[PDB]
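For reference, the chain that follows is the form deposited in one PDB entry, supplied as C-alpha cells.
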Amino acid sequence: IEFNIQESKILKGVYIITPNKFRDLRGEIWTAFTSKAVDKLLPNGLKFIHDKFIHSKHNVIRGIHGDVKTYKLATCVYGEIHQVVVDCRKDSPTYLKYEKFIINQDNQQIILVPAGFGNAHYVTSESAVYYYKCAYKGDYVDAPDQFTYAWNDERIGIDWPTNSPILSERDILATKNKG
C-alpha cells in the first residue's frame, strides 16, 4: 500500500494523492485511503469520518458546493469525471481560481479539497460513481457560511467539456428520449 502525495501546483492546501493499483485481466484492486497516510494531512486532531457515493448519468454536473469547515477527499471509482476545486478563501492570492482533474481508472487521482473551497464534478462516461470522504469539527449543527455557486459562474469561468450539462432533474427530460 503506497501513496504518492503531492501538493497542488497552483492552489495552496490542495493535495493530489495517487494509490498504487494491482491490475490483471480479471480487474483491479487498490487502497483509496488509510488513516495513517491521509488523516495526517488534516488539521491537528481531525480525521475523516464519513464515506459518501454519488452515481450520476452522463453529462450531469454536481456542484459547486462548499463551506468554511469541511475537508473532502474525492475520486471516481467507476467511469470518468472532470473534478473541479475552486479556492473560495477571500484573503487568498488564488481566490476564485480553480483546478480541474480528469479522473478515471488509468488516472486514479484522489483530491484533498480543503475547508474554504468549492467542490464540483462533471460526468463524461456513460455513468460515473463518485466517492468522497468528509472531515469536519462539530457533528450536530450544519455548517455556517455554506455557499453554492453556479457551474457556469462568470467570475470563476470554468472550462467544462460541454455548454449543455444536466443540472436540475427537469433538464434530463430533453435528453435520451427513446424512439
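Shifts are known only where both forms have a C-alpha. If you superpose the two forms and keep the largest set of C-alpha atoms that fall within 1.5 Å, you have the rigid core. Just count from 1 along the sequence shown to find any residue number.
In this entry, 162-170 shows the higher mean Cα temperature factor of the pair 14-22 and 162-170. For the pair 144-152 and 44-52, the mean B factor over Cα atoms is greater in 144-152. Note on the listed residues 113, 123, 68, 110: the highest Cα temperature factor in the record is that of 68. Split the chain's modelled residues into thirds by C-alpha temperature factor. Residue 118 is in the lowest one. When all modelled residues of the chain are sorted by CA temperature factor, residue 94 is found within the highest third. Sort the chain's modelled residues by C-alpha temperature factor and residue 37 lands in the highest third, per the entry.
What follows is about the form deposited in another entry, which we do not show.
Here the two forms are overlaid on the core, and between this form and the one not shown the C-alpha of 145 is the only one among 51, 28, 126, 145 to shift by 2 Å or more. After superposing the rigid core, the C-alpha of residue 169 moves by 2 Å or more between this form and the one not shown. Once both forms are overlaid on the rigid core, the distance between the two CA positions of residue 109 between this form and the one not shown is under 2 angstroms. Panel note: the distance between the CA atoms of residue 41 and residue 144 is larger in the other entry than in this form, the difference being 3 Å or more. Wider separation of the C-alpha atoms of residue 36 and residue 143, by 3 angstroms or more, is seen in the other entry than in the present form.
Listed in sequence order, the shifted runs between this form and the one not shown are 90-93, 139-146, 168-175, counting only residues present in both forms whose C-alphas move 2 Å or more over at least three consecutive positions once the core is aligned.
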